[PDB]
J.: 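The structure under discussion is supplied below as structure tokens; questions concerning it will follow.
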Amino acid sequence: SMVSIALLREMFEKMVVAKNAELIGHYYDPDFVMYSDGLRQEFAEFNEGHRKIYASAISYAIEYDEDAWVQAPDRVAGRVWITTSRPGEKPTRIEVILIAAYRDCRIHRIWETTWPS
Amino acid sequence: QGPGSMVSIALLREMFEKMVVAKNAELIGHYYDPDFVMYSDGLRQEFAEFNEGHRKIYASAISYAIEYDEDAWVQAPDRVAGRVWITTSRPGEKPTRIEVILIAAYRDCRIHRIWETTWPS
Ligand code: NA
């Protein structure tokens with residue numbers, strides 16, 4: 001496989017599912033910018049926002065549409081379902097189509113849209 | 001690998017320009033395979049419905065404009081991902097701008113699958 005897809009999947013497992021905010025600076029470049037559903041967020045705000053939510057009672061599960069992966073040098077696109085659970089609530093499933101571009105094996109840009117928003 | 005396997009960005013752009021912006025329904029079967037399926041914001045649509053629906057809308061007063069995020073492309077053999085904005089206008093209505101992130105898988109230079117999500121929905 002290509003390096004980018006493997007790193008993206010590792011980030012989703014070890015950072016997101018594990019809610020490990022100490023790995024944000026491991027997987028994401030200091031100049032990272034996220035574009036998501038009309039919002040633009042640079043590294044510092046992405047980092048602080050994820051530190052706060054990972055400290056909450058939420059939990060995450062992640063799965064992928066294997067048929068949708070696109071992989072190229074320093075780039076990957078995929079179709080991801082993120083299922084979020086909170087104590088006392090029904091889980092909610094969000095579909096994300098995302099493009100990730102890497103610099104020196106860290107995520108430098110993500111562009112994503114989600115359904116529902 | 002055939003020549004078309006490495007030019008999916010160019011093929012997708014040509015489809016947006018000559019099929020969508022030009023509203024040319026005769027090119028639907030040229031750019032899309034008969035077993036094409038679209039997934040868009042949770043809806044699945046097959047070729048027959050995609051074709052008939054676009055034949056009807058292209059005969060209407062709608063117009064389309066396309067903007068590309070030229071920094072967001074991913075290109076691999078028989079595959080492309082990108083980020084575009086589609087703005088649609090109708091007489092007497094404010095234009096509507098939709099961001100689309102899409103993945104297209106090709107087979108023999110025709111689109112076989114699209115998976116996309118949009119903002120707003
Ligand atoms: Na074009």
Side-chain angles (χ1 to χ4, degrees), chain A residues 3-30 32-71 75-89 91-102 105-117, chain B residues 37-45 72 74 81 83 98-103 105 113-121:
Chain A
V3 177
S4 52
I5 184 169
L7 291 175
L8 188 75
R9 295 179 68 141
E10 188 187 300
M11 179 283 299
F12 273 121
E13 178 68 20
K14 300 298 188 172
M15 183 184 120
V16 180
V17 171
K19 300 193 331 183
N20 186 345
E22 289 190 351
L23 294 175
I24 295 166
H26 179 73
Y27 291 114
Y28 292 76
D29 187 91
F32 172 67
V33 183
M34 168 65 87
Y35 295 88
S36 179
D37 292 347
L39 179 75
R40 184 188 182 273
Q41 192 168 54
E42 297 206 342
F43 182 89
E45 289 74 24
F46 178 81
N47 182 48
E48 180 56 17
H50 282 72
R51 289 180 74 83
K52 292 191 160 302
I53 201 70
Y54 290 174
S56 79
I58 202 165
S59 56
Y60 298 101
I62 302 286
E63 67 184 15
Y64 305 104
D65 188 340
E66 185 189 12
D67 296 335
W69 288 114
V70 190
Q71 39 195 129
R75 295 193 167 232
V76 55
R79 180 179 192 218
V80 186
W81 291 275
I82 306 182
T83 301
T84 288
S85 302
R86 280 172 186 106
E89 322 214 8
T92 56
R93 184 173 169 94
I94 301 168
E95 181 185 343
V96 184
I97 307 277
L98 71 85
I99 298 165
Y102 281 77
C105 288
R106 297 193 184 86
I107 301 166
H108 184 242
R109 296 284 180 272
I110 287 172
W111 302 270
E112 68 183 26
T113 49
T114 71
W115 181 74
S117 301
Chain B
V37 177
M38 163 81 83
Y39 293 86
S40 182
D41 294 343
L43 258 54
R44 187 177 191 280
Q45 189 174 60
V74 192
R83 177 185 194 220
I98 303 293
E99 180 182 346
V100 183
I101 300 181
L102 75 167
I103 294 164
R113 287 288 180 275
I114 287 172
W115 304 269
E116 66 182 30
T117 49
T118 73
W119 185 76
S121 286

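Numbers restart at 1 for each chain; the letters A, B, ... are given by sequence-line order, proteins then strands. Just so you know, these numbers use all the heavy atoms, side chains as well, and skip hydrogens, waters and symmetry mates.
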J.: Report the distance from atom CD1 of A:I97 to atom CD1 of B:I103, rounding to the nearest 0.5 Å.
T.: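 Reported value, rounded in 0.5 Å steps: 4.5 Å.
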J.: Any donor-acceptor pair under 3.5 Å linking the side chain of A:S85 with the backbone of A:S59?
T.: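 Checked: no pair found.
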J.: Of all the heavy-atom pairs spanning A:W115 and B:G42, show the shortest one and how long it is.
T.: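 Shortest heavy-atom separation between A:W115 and B:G42 comes out as CZ3-CA, 3.4 Å.
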J.: Kindly give the heavy-atom pair with the smallest separation between A:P87 and A:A57, and that separation in Å.
T.: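 Smallest heavy-atom distance, with atoms named: CD-O, 3.4 Å.
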J.: Does the side chain of A:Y35 reach to within under 4.5 Å of the side chain of B:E99, using non-hydrogen atoms?
T.: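 Of all side-chain heavy-atom pairs linking B:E99 with A:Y35, none is under 4.5 Å.
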J.: Does a side-chain heavy-atom distance below 4.5 Å link A:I24 with A:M15?
T.: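 A:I24 reaches A:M15 side chain to side chain.
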J.: Among pairs that include at least one residue of residues 18-29 of chain A, which meet salt bridge (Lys or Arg N to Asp or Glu O under 4.0 Å), considering only residues two or more places apart or in two chains?
T.: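 Salt bridge (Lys or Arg N to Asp or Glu O under 4.0 Å) check on residues 18-29 of chain A returns A:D29-A:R103.
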J.: Take A:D65 and A:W81, measure what side chain to side chain contact (heavy atoms under 4.5 Å, CB included) needs, and give me the verdict at the end.
T.: CA-CA 8 Å; A:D65 188 340; A:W81 291 275; 3.7 Å; yes
J.: Can you find a heavy atom in the side chain of A:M34 that is under 4.5 Å from one in the side chain of A:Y28?
T.: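 SC-SC contact between A:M34 and A:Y28 ruled out.
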J.: Test A:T84 against A:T92 for side chain to side chain contact (heavy atoms under 4.5 Å, CB included), laying out the working first.
T.: CA-CA 5 Å; A:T84 288; A:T92 56; 3.9 Å; yes
J.: Which pair of non-hydrogen atoms, one from A:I94 and one from A:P116, has the smallest distance, and what is that distance?
T.: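 For A:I94 versus A:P116, the nearest heavy atoms are CG2-O, 3.9 Å.
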J.: Do A:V80 and A:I62 come within less than 4.5 Å of each other through their side chains, counting heavy atoms only?
T.: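 Contact flag for A:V80/A:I62 side chains = yes.
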J.: Is there a side-chain contact between A:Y60 and A:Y54 in this structure, where contact means two heavy atoms from C-beta onward sitting under 4.5 Å apart?
T.: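 Result yes, sub-4.5 Å side-chain heavy-atom pair found.
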J.: Using every non-hydrogen atom in the two residues, find where B:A105 and B:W115 come nearest and quote the distance to one decimal.
T.: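 Closest approach of B:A105 to B:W115, heavy atoms only: CB-CZ3, 4.1 Å.
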J.: Would you say the side chain of A:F32 lies within less than 4.5 Å of the side chain of A:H108, judging by non-hydrogen atoms?
T.: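 No, too far: nothing below the 4.5 Å cut-off.
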J.: Between A:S117 and B:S121, is there a side-chain heavy-atom distance shorter than 4.5 Å?
T.: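 Heavy-atom side-chain distance check passes, below 4.5 Å.
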J.: Check the side chains of A:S36 and A:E112 for a donor-acceptor pair under 3.5 angstrom, ignoring hydrogens and angles.
T.: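 Yes - a donor-acceptor pair under 3.5 Å links their side chains.
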J.: Minimum heavy-atom separation for A:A21 and A:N47, please, with both atom names.
T.: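 That closest heavy-atom pairing would be O-OD1, 4.5 Å.
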J.: Are there more than 12 heavy atoms of other residues, nucleotides or ligands under 6.0 Å from atom CZ of A:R106?
T.: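 No.
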J.: What's the separation between atom CG in B:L102 and atom OG1 in B:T118, rounded to the nearest 0.5 Å?
T.: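 B:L102 CG to B:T118 OG1: 11.0 Å, rounded to 0.5 Å.
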J.: Quick one: does A:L8's side chain get under 4.5 Å of A:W69's, heavy atoms only?
T.: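 Sidechains of A:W69 and A:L8: in contact.
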J.: Which residue pairs pass the salt bridge (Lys or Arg N to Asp or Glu O under 4.0 Å) test when at least one of the two sits in residues 34-63 of chain A, sequence neighbours left out?
T.: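 Qualifying pairs: A:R40-A:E42, A:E48-A:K52, A:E63-A:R93.
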J.: Run the side chain to side chain donor-acceptor pair (under 3.5 Å) test against A:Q41 and tell me which residues pass, sequence neighbours left out.
T.: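 For A:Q41, no residue satisfies side chain to side chain donor-acceptor pair (under 3.5 Å) once neighbours in sequence are set aside.
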J.: Over all heavy atoms of both residues, which pair between A:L7 and A:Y102 is shortest? Give the atoms and the distance, please.
T.: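 What the structure gives for the nearest pair is C-OH, 3.7 Å.
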